[PDB]
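# Architecture at a glance
The lines below spell out each chain.
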Amino acid sequence: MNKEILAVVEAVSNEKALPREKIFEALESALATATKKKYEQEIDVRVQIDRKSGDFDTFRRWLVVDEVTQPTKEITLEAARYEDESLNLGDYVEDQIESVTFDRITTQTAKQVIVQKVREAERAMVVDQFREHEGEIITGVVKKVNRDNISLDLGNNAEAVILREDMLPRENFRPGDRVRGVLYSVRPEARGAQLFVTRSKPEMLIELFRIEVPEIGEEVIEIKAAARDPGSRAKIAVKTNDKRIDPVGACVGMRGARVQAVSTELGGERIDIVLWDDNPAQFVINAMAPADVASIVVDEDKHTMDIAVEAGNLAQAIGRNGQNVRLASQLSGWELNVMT
Amino acid sequence: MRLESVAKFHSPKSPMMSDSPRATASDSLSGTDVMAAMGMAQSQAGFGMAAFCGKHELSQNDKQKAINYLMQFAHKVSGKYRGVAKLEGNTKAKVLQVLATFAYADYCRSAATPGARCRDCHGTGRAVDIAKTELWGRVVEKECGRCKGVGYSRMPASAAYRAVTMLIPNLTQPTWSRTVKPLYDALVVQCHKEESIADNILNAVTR
Amino acid sequence: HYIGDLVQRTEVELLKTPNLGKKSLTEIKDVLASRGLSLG
RNA sequence: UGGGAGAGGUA
Ligand SMILES: [Zn+2]
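Method of structure determination, per the deposited record: cryo-EM was used for this entry, reaching 3.36 Å resolution.

Below you can see the structure in the form of C-alpha cells.
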C-alpha cells in the first residue's frame, strides 16, 4: 500500500520536461544508498524498488568474480552453478531477502542524494534543450560574472557560460543587460557548467550574417572562409553560384547597413568583405585587398605565397603591427611573404 | 551562494520570538568563527569582501577601502584607454578618484538607496495584472512597467561625466562615450568580479 | 569444529556440502569478513 | 536566549 508513489506520478510530479522513470531511479538509488551506509558491514546493497507497489524487498548484491576481497558481493562460478551458468562474469544480481528501517540519518543522506539526482536530471534537461537545436544566435541576460567566465541564462532555469578567451577584448557587461552569443558545441557530460557560448569566433560572424541576411538564410549567397581580429578588423570570403544578385553589394546593403549592423553588434570590428575564389593564385590576389599586386609566387609544399608589393601601400598592406598579413594568412591558409 | 549569510551575521544581537531555542551544537557554524573565516580569507580576496560590506551598508568604513582598491585597479588598468592614458600625474589621479567613486556608487545602487526605489512597485518590480486575474480567476503577476522589472531607478553614467567636466572642461560627451566610459564600465565589472571571487574563496574556506 | 578446518574448505565445498543455503552462506561469510579471514 | 527582584556569601 503506497499512496506515495501515486503522489510521485501526479501530486509531487516533476517539471514536465523530466521523465518519471528517472525519478523512480532517483528514489531507488536513494533507498539503496540509505541502506548501504546504514549497514556496518561493507555491503553494496542495491535495492530494486518495483514501480507499481511502492513497497519493496531489500537486495544485497553479488557479482561473479574470482577475487579475494568483498565477500558480501563475491560469488564464484560454482555459485553461478546455483543458477546453472545462465549469467555473465561480473553482473551484480541478487539471490537474497533483507528488510528495511528508517532513520533521520538515512533521511538526510537521502535528501543529499536526491538533490544530487534532481540536479543531474535538470542538467539532462538542459542537455536536451541544447541538443534540440545545434548552433544558433541566442540572447540572455548576464547574471553573475566570475574571474574566468560570465554566467548566462536562456530562461526556464537554463544557464550558459561565456569564457574569458572567446569574448571581445572591449567587453563590458554589467550584470543585467542582454547579450548576443552563439552556442556551438557544449559538453553534455560536464558536471559543472556546460553551455559554452562565444563572442569572438568565426562562427559568431557567420551566424550573425545568417540571421541578418535572408539570402544567407535561404542559400543564395554563401560565405566560405572567415578571418578575425576581435573588436578591430575582420574579413570573410564570399562566393556565389547564382548570377543575378550582386554578392558584395548584397551583404553591404543600403549604404553599408549590414556591415554597420554586424560592426556595432561585434564592437567596432572592421569586417572587410572580400570575394571567395576556388583557385589559390587568383583567390589570394582577390583576397589581400585593399593591397596592390605586382607579382605572385605560388608555393605548394609548405602552403605559402610570395607577394611583390610596390612602395607606398606597405602600411595598409600589413595593417598595424602585422595585423593584415596575420588576418589574411588565417583567412586563406597561406602565410604571406614580403617582396619589393 | 555563501556570502550573504555573513551579512546576516554582521548585525547586532536580535531578539528571538519562538519556542525552545538554543540548538547548542556545531550544525551550521557559530557567529564568531564566520568572522574568523572572513579574517582567514582576507589575505587573498579582500577586494570583494570590502566591496560587499560597503555595498550592503554593514561596516560603513570599507566603502573607502573598496574605493581605494578600485583606484589601484584603475591605476593598473589605465594603460589601455586612449582618453586617460595621455593625462599627467595628479590630474589622472583625480579623474581616477572621481570615476572610481562614481563607479562604486553605481555598483552600490540597489533598491535601498535613498531616493532610488521605484514609484509604483515599491521596489518589488512585480505588479498584478487585473485583466488576467479577471479572465483567469487566480491571481497573476506582471512586470512593473515604470521600473521595467528591476525595481529601482538605475544610476545614469552622465553623473560622473558632469563631475569630471568640472575638472576636465574640454572633454565633451562623444569622446566621453568613446574613450572614457569603457573604463567606468570596466570598474563596475571589476567590482562584480571581485565580489564573485571573494564569495568563491569564502565558500572554499568555510567548507 | 575449528577455523583451521574452515581454511581448507574451498568455495566449491561450501556450496556442495548439504543444508548450507544462502542465509547460512551469508551467516558464515559476514563472520569470516568481521574476523578478517578470507576463503577460496 | 536574557531582563528584574529578593536572599546569602568573598576580598
Ligand atoms: Zn517598479
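The helix and strand inventory of chain B stands at nine helices and two strands. Going residue by residue from the N terminus, the α and β elements of chain B occur as α-α-α-α-α-β-α-β-α-α-α. The globule rule puts the C-alpha radius of gyration for 207 residues at 17 Å, and the 22 Å found for chain B is more than 25% above it. In terms of its C-alpha atoms, chain B occupies a principal-axis envelope of roughly 65 × 55 × 25 Å. Across the 207 residues in chain B, those meeting the buried criterion constitute 38%. Split by element, the accessible area of chain B, about 12800 Å² in all, is 53% carbon and sulfur.

With that out of the way, let us pick up the sheet that holds strand β10 (residues 233–239) of chain A. All names here are of chain A. Strand order in the open sheet formed by three strands is β9-β10-β11, with mixed pairing between adjacent strands. With one partner strand each, in any of the chains shown, β9 (222–229) and β11 (270–275) form the two edges of the open sheet. The average angle at which neighbouring strand axes cross in this sheet is 20°, direction not considered. Note that β9 and β10 share seven bridges and pair antiparallel. Across the sheet, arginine 228 pairs through a bridge with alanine 234, a residue of β10.

Residue and element names in this part refer to chain A. Read from one edge to the other, the open sheet built from six strands follows the order β3-β7-β8-β6-β5-β4, with strand pairing classed as mixed. The sheet is open, and its two edges are formed by β3 (136–141) and β4 (144–145), each paired on a single side. Examined bridge by bridge, strand β5 (residues 149–151) and strand β6 (residues 161–163) share three bridges and lie antiparallel to one another. Its bridge partner being in β6, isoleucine 150 is matched across the sheet by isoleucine 162. Sheet strands touched by helix α5 (residues 202–212): β3, β7 (178–183) and β8 (196–198). Its angle to β7, the strand with the most contacts, is close to 105°.

This part takes up the interface of chain C and chain A. At the junction of the two partners, chain C supplies eleven residues and chain A supplies twelve residues. Interface of chain C and chain A: buried area, both sides summed, is about 1200 Å²; carbon and sulfur atoms make up 53% of it. Sorting the residues of chain C by area buried against chain A places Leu15, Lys22 and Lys29 of chain C first, and these three jointly supply 42% of that buried surface. Seen at the junction of chain C and chain A, the total is zero salt bridges. Where chain C touches chain A, the interface holds five residue pairs in polar contact.

Moving on to the coordination of the zinc ion. Residues and elements named next belong to chain B. Within the protein, the zinc ion binds to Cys118 (SG), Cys121 (SG), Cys144 (SG) and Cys147 (SG); these donor distances fall in the range 2.3 Å. Sequence positions of the donors to the zinc ion reduce to the motif C-x2-C-x22-C-x2-C. Separated by 26 residues along the polypeptide, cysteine 118 in the loop between α5 (89–108) and β1 (126–127) and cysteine 144 in the loop between β2 (142–143) and α7 (158–164) bring together distant segments of the chain. Side by side, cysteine 118 and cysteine 144 carry an identical accessibility label, which is buried.

In the region of RNA strand D, the neighbouring residues are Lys13, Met16 and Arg22 of chain B. Between RNA strand D and the protein, one listed contact pairs a sugar or linking oxygen with a side-chain N or O atom of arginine 22 of chain B at 3.2 Å.

So, on to the interface of chain B and chain A. The partner chain A presents ten residues to the 13 residues of chain B that form the contact. Counting every contact that joins chain B to chain A gives one salt bridge. Between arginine 174 of chain A and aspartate 106 of chain B there is a salt bridge; the shortest N-O distance is 3.7 Å. One can count seven residue pairs in polar contact joining chain B with chain A. It is helix α9 (residues 181–205) of chain B that contributes the most residues to the side of chain B that touches chain A, nine residues altogether. Considering only residue class, the side of chain B that touches chain A consists of seven nonpolar, two polar and four charged.

All names here are of chain B. Counting residues in each nonpolar core, the largest one holds 34 residues, and the members touching the most others are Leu70, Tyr104, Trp176, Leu183 and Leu187. Ranked by residue count, the leading element in this core is α5, at nine residues. The residues touching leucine 183, leaving out its near neighbours within four places in the chain, are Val77, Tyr81, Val84, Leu96 and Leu99.

In this section: the packing of helix α3 (residues 47–55) of chain B against helix α4 (residues 62–77) of chain B. All names here are of chain B. With their axes 8 Å apart at the nearest point, α3 and α4 run at an angle of 135° to one another. Considering the angle they form, α3 stands oblique to α4. The element α3 and its partner α4 pack so that their crossing is left-handed. Along its contact with α3, which presents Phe47, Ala50, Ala51, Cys53 and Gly54, the element α4 presents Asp62, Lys63, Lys65, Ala66, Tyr69, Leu70 and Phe73. Class assignment for the residues of the contact of α3 with α4 results in eight nonpolar, one polar and three charged.

Another point: the packing of aromatic side chains. Enumeration according to the criterion identifies four aromatic pairs over all chains in this entry. Taking 6.0 Å as the distance between ring centres and 35° as the angle between the ring planes, the aromatic pair formed by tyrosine 104 of chain B and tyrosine 107 of chain B counts as tilted. You can see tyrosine 104 of chain B and its partner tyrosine 107 of chain B sitting in helix α5, three residues apart, about one turn around the helix. Just above the ring of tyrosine 82 of chain A sits the side chain of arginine 81 of chain A; from NZ or CZ to the centre is 4.2 Å.

So, how was this worked out
- Residues numbered from 1 in each chain as written, not as in the entry; some residues may be left out.
- Chains lettered and ligands numbered in written order.
- Part of a larger assembly, values for the part shown.
- Heavy atoms only, no water.
- Helix = DSSP H or I, 4+ residues; strand = E, 2+ residues; numbered from the N terminus.
- Rg over C-alpha atoms; globule rule 2.2 N^0.38 Å.
- Buried < 20%, exposed > 50% of the residue type's maximum accessible area, 1.4 Å probe, protein only.
- Areas by Shrake-Rupley, 256 points an atom, 1.4 Å probe, with all protein chains shown as cover.
- Pairing = 2+ DSSP bridges.
- Axes fitted to C-alpha atoms, helices over the stretch in contact; angles between N-to-C directions.
- Contact = heavy atoms within 4.5 Å.
- Buried area = accessible area lost by both parts, 1.4 Å probe.
- Salt bridge = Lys/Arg side-chain N within 4 Å of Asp/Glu carboxyl O.
- Polar contact = N/O pair within 3.5 Å; in protein donor to acceptor, adjacent residues only side chain to side chain.
- Donors = N, O, S within 2.8 Å, 3.2 Å for Na, K, Ca; no water.
- Near = heavy atom within 4 Å.
- Nonpolar A, V, L, I, M, F, W, Y, C, P; charged D, E, K, R; others polar.
- Core = buried A, V, L, I, M, F, W, Y, C linked by side-chain atoms within 4.5 Å.
- Parallel < 35°, antiparallel > 145°, perpendicular 65-115°, else oblique.
- Left-handed = near helix turned anticlockwise from the far one by under 90°.
- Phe/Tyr/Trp six-rings, centres within 6.5 Å; stacked < 30°, edge-to-face > 60°.
- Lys NZ or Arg CZ within 6 Å of the ring centre and 35° of its normal.

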